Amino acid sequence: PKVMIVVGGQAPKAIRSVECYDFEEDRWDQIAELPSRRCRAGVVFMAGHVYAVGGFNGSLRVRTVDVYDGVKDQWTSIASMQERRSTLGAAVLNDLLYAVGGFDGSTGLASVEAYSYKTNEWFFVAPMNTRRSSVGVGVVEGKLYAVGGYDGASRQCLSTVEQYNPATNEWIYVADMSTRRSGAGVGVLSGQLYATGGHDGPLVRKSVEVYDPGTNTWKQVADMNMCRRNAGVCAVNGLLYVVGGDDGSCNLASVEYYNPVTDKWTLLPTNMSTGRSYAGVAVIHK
């Protein structure tokens, strides 16, 4: 019996709200809100807490990190990153929490730093080849993937994907996606890397393609029910959930999950209270 939480976001500005969805009972409730307004952040589940890394507070790009205790229902704040990061990707790999890319917001970032629960400290690792804002990340088989995003240097949305090996500490390009996807919803399900939605300028996609690390090839699956960009993505019990986002104009309150067995996207029977974009999601136990 797991629960899914949605942290912060825009609606239409930075908020503090954090909603929770009970699967067994099909309902959305409010839990302990953030200590501060936060959106465009990286939200991960590192055993056994939920982390909110970087982001935007409606006025400034932040480097702070907040941690949630699903038992006492309260937020505490750990060590802040070295750099301010907004619209970044965050994931866990080999007991390390990586903060990937983001916005300064004077410049797009190619730098990556990792956090250790052991030392409570952020340290830089090898930077990406291309700076990426509005980037999504995923971890497959001890590898860290930075999917698409936006490059301020060349001024265009990216179709390139990079791979990070913690053993060698260097980034390499892999197979480019079928199209340019900025702010795509990135998740991992059954060893497969998913790139959902995203956008290139004003065009928001509902198409989804999936990467196979073994073959280094992208293949297309079923389109989502709706065009989504900047949505929250997490997977649980063989299903990949996509939460909120926006269609380039309006923030969405709908949530849909993907079933790789049947190749289907299914809407949740109950939308969120308030439509959110750039909100992070994670799954814990109640």
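From 1 onward, residues are counted along the sequence shown.
- Comparing 113-121 with 174-182, the higher mean C-alpha B-factor in the PDB entry belongs to 174-182.
- Mean CA temperature factor is higher for 213-221 when stretches 47-55 and 213-221 are set side by side in the entry.
- The PDB entry assigns its highest CA temperature factor, among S190, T87, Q82, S77, to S190.
- In this PDB entry, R40 carries a Cα temperature factor that places it within the lowest third of its chain's modelled residues.
- The entry lists a Cα temperature factor for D200 that places it in the middle third of the chain's modelled residues.
- When all modelled residues of the chain are sorted by CA temperature factor, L34 is found within the middle third.
- When the modelled residues of the chain are ordered by C-alpha B-factor, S207 sits in the highest third.
- For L158, the recorded CA B-factor ranks within the middle third of the chain. Only modelled residues enter the ranking.
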